[PDB]
Amino acid sequence: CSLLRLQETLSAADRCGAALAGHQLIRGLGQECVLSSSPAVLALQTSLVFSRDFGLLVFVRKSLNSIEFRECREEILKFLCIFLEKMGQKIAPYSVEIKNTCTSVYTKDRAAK
Amino acid sequence: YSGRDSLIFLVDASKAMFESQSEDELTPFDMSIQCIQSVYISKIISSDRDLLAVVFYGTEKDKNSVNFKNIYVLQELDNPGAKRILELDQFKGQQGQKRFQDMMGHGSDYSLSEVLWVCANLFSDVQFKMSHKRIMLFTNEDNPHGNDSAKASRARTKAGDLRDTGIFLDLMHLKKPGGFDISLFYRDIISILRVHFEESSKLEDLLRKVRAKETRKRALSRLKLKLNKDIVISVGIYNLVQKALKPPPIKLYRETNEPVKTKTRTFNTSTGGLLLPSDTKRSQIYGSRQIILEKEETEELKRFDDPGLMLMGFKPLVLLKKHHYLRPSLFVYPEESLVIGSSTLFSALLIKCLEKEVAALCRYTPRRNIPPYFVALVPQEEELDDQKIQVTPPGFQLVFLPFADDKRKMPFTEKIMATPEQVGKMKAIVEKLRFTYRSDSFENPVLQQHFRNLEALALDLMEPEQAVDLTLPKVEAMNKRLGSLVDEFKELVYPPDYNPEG
Amino acid sequence: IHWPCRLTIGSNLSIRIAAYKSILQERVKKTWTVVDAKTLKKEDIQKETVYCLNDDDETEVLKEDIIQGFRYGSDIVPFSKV
DNA sequence: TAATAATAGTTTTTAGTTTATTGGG
DNA sequence: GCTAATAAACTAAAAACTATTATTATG
Numbered sequence: 010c011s012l013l014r015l016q017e018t019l020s021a022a023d024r025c026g027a028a029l030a031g032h033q034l035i036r037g038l039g040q041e042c043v044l045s046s047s048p049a050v051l052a053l054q055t056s057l058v059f060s061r062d063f064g065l066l067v068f069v070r071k072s073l074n075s076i077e078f079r080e081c082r083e084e085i086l087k088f089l090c091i092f093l094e095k096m097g098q099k100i101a102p103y104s105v106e107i108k109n110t111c112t113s114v115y116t117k118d119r120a121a122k
Numbered sequence: 032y033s034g035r036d037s038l039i040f041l042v043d044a045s046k047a048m049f050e051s052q053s054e055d056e057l058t059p060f061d062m063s064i065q066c067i068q069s070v071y072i073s074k075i076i077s078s079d080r081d082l083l084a085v086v087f088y089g090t091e092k093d094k095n096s097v098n099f100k101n102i103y104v105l106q107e108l109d110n111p112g113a114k115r116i117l118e119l120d121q122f123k124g125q126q127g128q129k130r131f132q133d134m135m136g137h138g139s140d141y142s143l144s145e146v147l148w149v150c151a152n153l154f155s156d157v158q159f160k161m162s163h164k165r166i167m168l169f170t171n172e173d174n175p176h177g178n179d180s181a182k183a184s185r186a187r188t189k190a191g192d193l194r195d196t197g198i199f200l201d202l203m204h205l206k207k208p209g210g211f212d213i214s215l216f217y218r219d220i221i222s223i229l230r231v232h233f234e235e236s237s238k239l240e241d242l243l244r245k246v247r248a249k250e251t252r253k254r255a256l257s258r259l260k261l262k263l264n265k266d267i268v269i270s271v272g273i274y275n276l277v278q279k280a281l282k283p284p285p286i287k288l289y290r291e292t293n294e295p296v297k298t299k300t301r302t303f304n305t306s307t308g309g310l311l312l313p314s315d316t317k318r319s320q321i322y323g324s325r326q327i328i329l330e331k332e333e334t335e336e337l338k339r340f341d342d343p344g345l346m347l348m349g350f351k352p353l354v355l356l357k358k359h360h361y362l363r364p365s366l367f368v369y370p371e372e373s374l375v376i377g378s379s380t381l382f383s384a385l386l387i388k389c390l391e392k393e394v395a396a397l398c399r400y401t402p403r404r405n406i407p408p409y410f411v412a413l414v415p416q417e418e419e420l421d422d423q424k425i426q427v428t429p430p431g432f433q434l435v436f437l438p439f440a441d442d443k444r445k446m447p448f449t450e451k452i453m454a455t456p457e458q459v460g461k462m463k464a465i466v467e468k469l470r471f472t473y474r475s476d477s478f479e480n481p482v483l484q485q486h487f488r489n490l491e492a493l494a495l496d497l498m499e500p501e502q503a504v505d506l507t508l509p510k511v512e513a514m515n516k517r518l519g520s521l522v523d524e525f526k527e528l529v530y531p532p533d534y535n536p537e538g
Numbered sequence: 245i246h247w248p249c250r251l252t253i254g255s256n257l258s259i260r261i262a263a264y265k266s267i268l269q270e271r272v273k274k275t276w277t278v279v280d281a282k283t284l285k286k287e288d289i290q291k292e293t294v295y296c297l298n299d300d301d302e303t304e305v306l307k308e309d310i311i312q313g314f315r316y317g318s319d320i321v322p323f324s325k326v
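Protein chains in written order, with full-length UniProt numbering: chain A, 10 to 122; chain B, 32 to 223, 229 to 538; chain C, 245 to 326.
Okay, here's the thing in structure tokens:
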């Protein structure tokens, strides 16, 4: 789907080392934010596994102090926050995983920046 | 803070620069290659925080985001790096040029409108605060667009538009045996009478490697000098001279070369558990008794007056001892950001103190919890050189007055005179050794050697450049010019058996 | 205290010298020792530093495994003190 | 319903260490 | 003939300098 194809493109879009890659990544992230911010009852559940893959996706792929990754990561975090603000406890299976990621996110190069 | 400098290099890819009438001399292509190497080394040393790019025109092939034929960007606008240096050096030499001609075209036609378009696009790609947009062309022919009148017309129209958009084009003379032929196609097209069979306009300085940090203009602190308690004036404090120090090293791993960060912890000994600053107690043992205090009292005992300047009075410049020096002086300029109108009063006081030859002594407080020292503000009148450029800024020289406990006592030394003929011998020796000194005559050879080694290892050279030390006296020349005088004065003073060394 | 050395002029003149720092900035000769907040002992409160990797869950780089480098324009080159 | 205002992010000293190194006896 | 600081280089550490960016204000 649109969410899935955008996730795949962003998983690709970071293949090259250039600030333009980060620009297109954050643009796609902004579109995903404005898109999945308003699901009906169903697209949220697809976005759950999409966020799983894309969350851990950047967690293990970006993994670089390059700012081009930094703005994308911070926008991802903002979207995740505004999502979980009104999302329900259904995200709980991911949460501890996200927890196991989040501190690992922060304690890693995020600590250096 | 202000804008930065953007530099563009555009060499013609043709047959002219790969050939010369005297092959013993350097081909225009290759000499431009050492030129760009030298300027990139200087930029690395000085202002590596700016943008540099490489692009060629006239090549048979092409590569550019604008997709103009015969236009090939070699390097995008970027901070210089050793990878760029080696990428340029592999084409250096009378074999690197052949390589370049092998996997890279040259000699095809071009459009100056096209190169202006691509360079304008490249400059437009930069989203940072710029101040200078300098473009350097490398060709020795004003004809190639004079051949096509429409081409010359559009080229000069685009050049005028670019120069009106703040772009500065400067001309690099190239060795044309028939003559560079300026004033025919260039001064009417470039942003600004010998036809220049040669090439050297200022290429000598371009090839000249420069080792200087050249920190941009900045304010150390804008202190606010109080006259008595309320009539207070904003001033700017700078250091026109400031010790240049070696940049600190970078802790990195000896198996991956990446910089490894370090974290530092204060903790227990009996338990070893990590502790807090609240657990830390300042202690000082005098005699046998230990006094316990904390940091806050330590800086508060250094906090007496607010950051600023407190006038002590006025004193003629003669009442200061020449040997009375403590720390390098500062420069003080009027400031109208906090207090508006202070420039008028600064001019008035500068005029009055220059007329009265009296410096202003003040109590100086640099920042919070800082000791207020004594500072003498000598007038410093502006001086202009032959070209009327400021060689001495107008303002004040802020020197430091050492305290009584800032001076050390010496064993007493008696006075022993010398014969006036020995004084004449000294005067003759000095005259044989006299010259004129300038502040731009002597550098730090240690730092220069450290640099040369740094670039040599960065460039993986088999050998580093040797720094020329000007602080080594030429003993042979000095002895040649003195001759008799040395041992004449020796016999005048030192006994023949009593050499200076026992 | 004096500085026992020799001024030199060319390669044929030298005079022994004894230099003195007439003007010298003063500093406190007693540093602020740190002790415990309870036992008031420096012995119970000692110090260490840690060189752990910026990544890989802060894996500890061995103390001597660190080697200094230097900033070179847009690049950083490893460069030991030796 | 949409404008302003402290505000943290790179340099740069500089106080307190840490190095062995000459200078003696 | 019996050991003796020392400024340099090294840190931390603290402030000034641009450079932004929620925030009501109003509706």
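Where is the CB? At the ideal position from N, CA and C, for every residue including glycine.
For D43 of chain B, the enclosing beta strand (DSSP E) begins and ends at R35 to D43.
Restricting attention to beta strand (DSSP E) runs no shorter than 3 residues, the stretch 262 to 344 of chain B encloses them at 268 to 274, 286 to 289, 299 to 302, 316 to 322 and 325 to 329, ordered along the chain. For the stretch 283 to 295 of chain C, the set of residues with a beta-carbon nearer than 7 Å to any beta-carbon of chain A is empty.
Check the Cα spacing between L508 of chain B and each of B:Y534, B:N480 and B:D533: the tightest is with B:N480. With fewer than 16 other Cβ atoms inside 10 Å of its own Cβ, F340 of chain B counts as exposed. Residues of the same chain with a CB within less than 7 Å of the CB of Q52 of chain B, apart from the 5 flanking positions on each side, are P208 in chain order.
Three or more Cβ pairs drawn from the stretch 503 to 522 of chain B and the stretch 475 to 493 of chain B lie within less than 8 Å of each other, which places the two stretches in contact.
Buried is the label assigned to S56 of chain A, since at least 16 other Cβ atoms lie within 10 Å of its Cβ. A Cβ-Cβ distance of about 7 Å is found for the pair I166 of chain B and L41 of chain B, placing them in contact under the 8 Å criterion.
Using a Cβ distance threshold of 8 Å, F63 of chain A and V114 of chain A do not count as a contacting pair.
Between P322 of chain C and chain B, the shortest Cβ-Cβ separation is below 8 Å. Contacts between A492 of chain B and chain C, judged by CB atoms closer than 7 Å, are missing: the closest CB pair is about 11 Å apart.
Closest option to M161 of chain B, judged by alpha-carbon separation, among B:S144, B:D81, B:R230 and B:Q121: B:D81. Every unbroken stretch of the beta strand (DSSP E) spanning 3 or more residues and falling wholly within the stretch 274 to 299 of chain C is given here in chain order: 277 to 280 and 291 to 294. Between the stretch 171 to 181 of chain B and the stretch 124 to 133 of chain B there are fewer than three C-beta pairs closer than 8 Å, too few to call the two in contact. Scanning its chain for C-beta atoms nearer than 8 Å, with the 5 sequence neighbours on each side dropped, one finds around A121 of chain A the residues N74, in chain order. The C-alpha of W148 of chain B is placed about 10 Å away from the C-alpha of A186 of chain B. For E94 of chain A, the number of other beta carbons within 10 angstroms of its own is below 16, and it is reported as exposed. Look at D319 of chain C here: in three-state DSSP terms it is strand. Of the candidates B:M498, B:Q458 and B:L57, the residue whose Cα lies closest to the Cα of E527 of chain B is B:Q458. A residue is called buried once 16 or more other Cβ atoms fall within 10 Å of its Cβ, and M48 of chain B is buried on that count.
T428 of chain B is bridged by DSSP to B:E419.
Along the stretch 293 to 316 of chain C, going in chain order, the ones with a CB nearer than 9 Å to a CB of chain A are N298, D299, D300, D301 and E302.
Contact of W276 of chain C with chain B is assigned, a C-beta pair being separated by under 8 Å. Shown here, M134 of chain B sits in a helix according to DSSP, grouped into three states. Taking 3 residues as the minimum length, the beta strand (DSSP E) runs contained wholly in the stretch 343 to 371 of chain B are 344 to 352 and 366 to 370, in order along the chain. Between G254 of chain C and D79 of chain B, the CB-CB gap reaches or exceeds 8 Å. With contacts defined by Cβ atoms closer than 8 Å, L397 of chain B and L259 of chain B do not form a contacting pair. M167 of chain B is bridged by DSSP to B:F40 and B:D201. Chain C has a Cβ within less than 8 Å of the Cβ of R290 of chain B. With respect to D118 of chain A, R70 of chain A sits apart: the two C-beta atoms are not nearer than 8 Å. The beta strand (DSSP E) runs lying completely inside the stretch 41 to 74 of chain A and spanning 3 residues or more number zero.
Chain-ordered, the chain B residues with CB closer than 8 Å to the CB of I259 of chain C read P536.
By the rule that beta-carbons nearer than 8 Å mark a contact, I75 of chain B touches chain C. Nearest C-alpha to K463 of chain B among B:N152, B:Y473 and B:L521: B:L521. One thing to note: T90 of chain B has its Cβ within 8 Å of the Cβ of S139 of chain B.
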